[PDB]
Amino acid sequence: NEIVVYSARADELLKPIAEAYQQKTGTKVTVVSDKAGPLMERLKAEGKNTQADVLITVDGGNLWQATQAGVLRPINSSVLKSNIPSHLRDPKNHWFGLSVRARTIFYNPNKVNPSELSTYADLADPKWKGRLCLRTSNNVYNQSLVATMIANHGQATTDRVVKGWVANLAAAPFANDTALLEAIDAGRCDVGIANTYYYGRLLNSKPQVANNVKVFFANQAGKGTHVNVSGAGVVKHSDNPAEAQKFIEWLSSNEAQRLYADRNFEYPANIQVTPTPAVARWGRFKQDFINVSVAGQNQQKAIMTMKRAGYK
């Protein structure tokens, strides 16, 4: 048989995934890749006549958007509920997180002692004036981070924090996380906020970046470090809902988690799968157990928050 996967991941990342599953089960896995928004806009337009069986997309913000658009169908999977922690999957069973990333603090260890660091909020402290760099607010990772900050600390507090962030900027917000991390390495930025897998990707290509850039896991005293996911769900109008579900259940297994998460320097979502050494080297940390669907529920508030704060 054959299944169709609409994927917002890097095309090279799913190619080994499709091959390993065809070798194990004989099922052909066709991958159609596009950006998350356009891909979901495609799935919504195709309706009942769609050829897609599985949607794989990035960030709980987008997974919540796809669920609100009605393009996913809830599935009852004992395998997925056991392999995937509850905070990393949709409460109404429409999607399941399969890799974990952290959005957290990075710093220049030649200029910043980790004892000076603690929380996202404390980055608004005036001691950071002229030392902070951020990636643009026009991005789902930052929308999702601020969405959880609103849920954890309230709207008024978060308004003050993000306004404090902007007042502390050493440079204009960067267009992507890798550019931010490189500007820390260049010495322009002393502290920043980014996704961990870009750091693993950057150290893989330029190992010397570690001299000027280290990771700090934020909010260890409170709720924990913000984590987010890439995840999958069965397309509502799939012609093969049973085989679509079997593929997603396989992705949560040990062997597939290594292929799915390790190659992109992300954490496995399955906690019985130990992270790849390059990732495990950064250390253990407490992660927030807020359900990551809150990243979507509070997305509009986060957008409004960053806009009122002058966070470009």
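All residue numbers are counted from 1 along the displayed sequence.
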{"item": "Residue range whose averaged C-alpha B-factor is higher in the record, 185-193 or 237-245", "value": "237-245"}
{"item": "Entry-level comparison of average CA B-factors, 136-144 and 73-81, reporting the higher stretch", "value": "73-81"}
{"item": "Of the residues 204, 178, 119, 108, the one carrying the largest Cα B-factor as recorded", "value": "204"}
{"item": "Residue 18 - which third its CA temperature factor falls in, relative to the rest of the chain", "value": "highest"}
{"item": "Third of the chain, ranked by Cα B-factor, where residue 59 sits", "value": "lowest"}
{"item": "CA B-factor ranking of residue 300, expressed as a third of its chain", "value": "middle"}
{"item": "B-factor third for the C-alpha atom of residue 67 within its chain", "value": "middle"}
{"item": "CA B-factor ranking of residue 123, expressed as a third of its chain", "value": "lowest"}
